[PDB]
Amino acid sequence: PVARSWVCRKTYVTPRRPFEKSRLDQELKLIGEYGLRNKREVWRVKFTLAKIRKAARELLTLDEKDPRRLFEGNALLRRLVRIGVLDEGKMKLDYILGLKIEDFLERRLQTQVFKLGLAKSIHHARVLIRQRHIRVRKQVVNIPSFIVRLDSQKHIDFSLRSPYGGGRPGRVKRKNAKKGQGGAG
Amino acid sequence: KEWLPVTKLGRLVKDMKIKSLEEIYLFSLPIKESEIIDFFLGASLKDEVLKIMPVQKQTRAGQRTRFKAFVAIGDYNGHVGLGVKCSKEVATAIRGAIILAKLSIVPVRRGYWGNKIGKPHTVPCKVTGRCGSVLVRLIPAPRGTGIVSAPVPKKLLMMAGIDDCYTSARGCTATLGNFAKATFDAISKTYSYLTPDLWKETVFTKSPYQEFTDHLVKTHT
Amino acid sequence: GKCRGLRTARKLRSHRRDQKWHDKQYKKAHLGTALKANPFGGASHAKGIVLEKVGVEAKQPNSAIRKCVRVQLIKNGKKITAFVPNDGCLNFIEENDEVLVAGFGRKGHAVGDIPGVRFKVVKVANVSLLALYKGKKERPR
Amino acid sequence: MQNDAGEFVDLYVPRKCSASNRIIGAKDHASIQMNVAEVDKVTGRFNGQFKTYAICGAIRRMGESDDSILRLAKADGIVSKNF
RNA sequence: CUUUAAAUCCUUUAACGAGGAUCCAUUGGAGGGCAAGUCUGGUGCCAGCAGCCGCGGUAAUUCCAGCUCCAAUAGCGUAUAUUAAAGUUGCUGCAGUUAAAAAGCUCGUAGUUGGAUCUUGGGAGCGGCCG
């Protein structure tokens, strides 16, 4: 008799075939072009895309003019619009299945800060996300696996306590300044 | 070097008179020159090697071994192919396999699953193929689910241009030749099926022989 | 199926029942004879004591002699012939010591070129055999 | 197949047997695009127009092709009804 | 500073805290399945490896060591109970001439299954026969 949670789900799945060529090569290709870390990232994104596709298939297998189907269809369509993967021009229930894994990987905060121009390189982008430097709507973020919503896009900038954002100099710079003042003093 | 015809088919595809191969599959007319495929199907046709299995005899003096080269072929938007060749060594077997795979070419028709939107991506009906003990089934699939099969019919379906299918196999699957021939027979029976779409009673277009006999009676006799 | 009626269930019950007991894996997993014959008593691992070390020969297509340990168990007390796995490890296990006997992989079957032996040794004297092999831990004498 | 845009996505329309209403495939070599000529109306000559027919391999395989060509010629009117 | 019954944990924040970042990432493998050396040394049916096939008999692409390599990565390997793969327990959905499999044959009570047939059609209208 304790008041605990006991709720947990696995976010990744392992494929049936462990050793072959083509899928391993293309996952390595995606990790290379998007600056990810390991295979659990692409396994997680493939699992959540498979869950979205399974929900879309369960919605599509029922008949038209059922209002439960209409409610979950409109809610899921508005969610995929609000993430920013699907466009507002094509908002129908059959366009869910016409999606790829790179569209889900494109809304990553790492790729967004890389393509915004504030980060020079994608490895530098992931480092700078981990480095406590950015802020989104005046709130700093450590985590590169941050799904950015479409409207919270213009409010990405360095934090006020960042040396690149104007403020206190860095620890290495102040150490070298202390050494220079000691040597010249 | 420069290709000279044997039948009148090479003549009619050489003097720029046949528009495409689609009328040749329309008239159910056999193609027995593999370089017509080279002329009309361009660089989109790509090649792969399925399995190199040696077979051997038994005489007084040793076992005379010969290679059996299994090669399928097909451009990624439309047509497929399959070739079985058995020669002495491996290189001539491979070359004969790619020639025979360019010879036996069936086209495939791509259909839809349930909803009818956009470009086709799926087998239009539950087709099947049988040879030996292999039973290869092709079940229509929703969009974007990928190929769900064994590796070599996955290869045949991605060079078929069909992106989304479900399969179900039965029998001694370990024999690659029978399994590949069964999925080739399954994928060849796509047009060999009657659907409500095909209910329009078509008119019979005049044969290319019937309109180019005025040239092939005077060129070659 | 064969009986393809609507108001019939009992014949299909009894037939699927009896033809399921006519299997061999279901008859192994659901009778007390297979559990009684197994010396572990349903356990995955089991501890025993060394009492004599006997080597056994190989099978026909490969010719060698394989060194083995004969172990009397603690929980049951029956004579079971184990097998020390790695190279140069019979000098690590001597008379009257504590060993951890485990299965070898084929669900209680004789495996490979070792006749009549189905169990191996993974731990001796409460220290792992892999660290004794690699030389990272020393056996306490 | 039709489509929502009104554009046929068919790449080639396959022909159909005139006897058993079946479809002749791409790699069937036992099929004939038969052409039958009609007489000129006045005395005996040839006009130039054609009366075309088709048949699949299975009907010739079981051998009922003469019956089918008689029924098709009688339906188009080449052979009289008394026969 | 904060938290809390008072603490520890977390967040915030002074002073410290890196260059060969020694502030050192392991775990099982490299013949086929099964991704990855015909590289270099040693014993050369002994030692051993190997879930299966097999590899060791004096140029071992399978043993024991070095280098290189590949798979996941704060994780990885082994054993046992179980599930999908098993359309090898088959209701969807197995097989019974020769590969495992039709009682020697007939009758017969329980059990299962069971031939046809009993009510049609129209009207005013929504409109240029039918929803």
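Please read every residue number as a count from 1 along the shown chain.
Recorded method for this deposit: electron microscopy, 4.2 Å.
Cβ coordinates are placed from backbone N, Cα and C, and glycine is handled just like the others.
The feature SUMO2 cross-link is assigned by Swiss-Prot to A:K92, A:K138, with similarity to another entry given as support. Marked as domain 'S4 RNA-binding' by Swiss-Prot on the basis of sequence analysis: A:107-181. What Swiss-Prot lists as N6-acetyllysine is A:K65, A:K115, A:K154, and the listing cites similarity to another entry. Here Swiss-Prot flags A:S152, A:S162 as phosphoserine, drawing on similarity to another entry.
Secondary structure of the domain 'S4 RNA-binding' (A:107-181), assigned with DSSP and counted as helix (H, G, I), strand (E, B) and coil, comes to 27 helix, 8 strand, 40 coil. For A:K138 (SUMO2 cross-link), other Cβ atoms within 10 Å of its Cβ number 9.
Within 10 Å of its Cβ, the residue among the modified residues A:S152, A:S162 with the fewest other Cβ atoms is A:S152. Between A:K65 (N6-acetyllysine) and A:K92 (SUMO2 cross-link), the C-alpha separation comes to 14 Å. Of the recorded residues, A:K115 (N6-acetyllysine) and A:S162 (phosphoserine) place their C-alpha atoms 20 Å from one another. Here the candidates are the recorded positions A:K92, A:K138, A:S162. The one whose C-alpha lies nearest to that of A:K154 (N6-acetyllysine) is A:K138. The recorded positions shown are A:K138, A:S152, A:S162; of these, the one with its CA atom nearest the CA of A:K92 (SUMO2 cross-link) is A:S152. Cα of A:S152 (phosphoserine) to Cα of A:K138 (SUMO2 cross-link): a span of 11 Å.
Fewest other C-beta atoms within 10 angstroms, among the recorded positions A:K65, A:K92, A:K115, are seen around A:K65.
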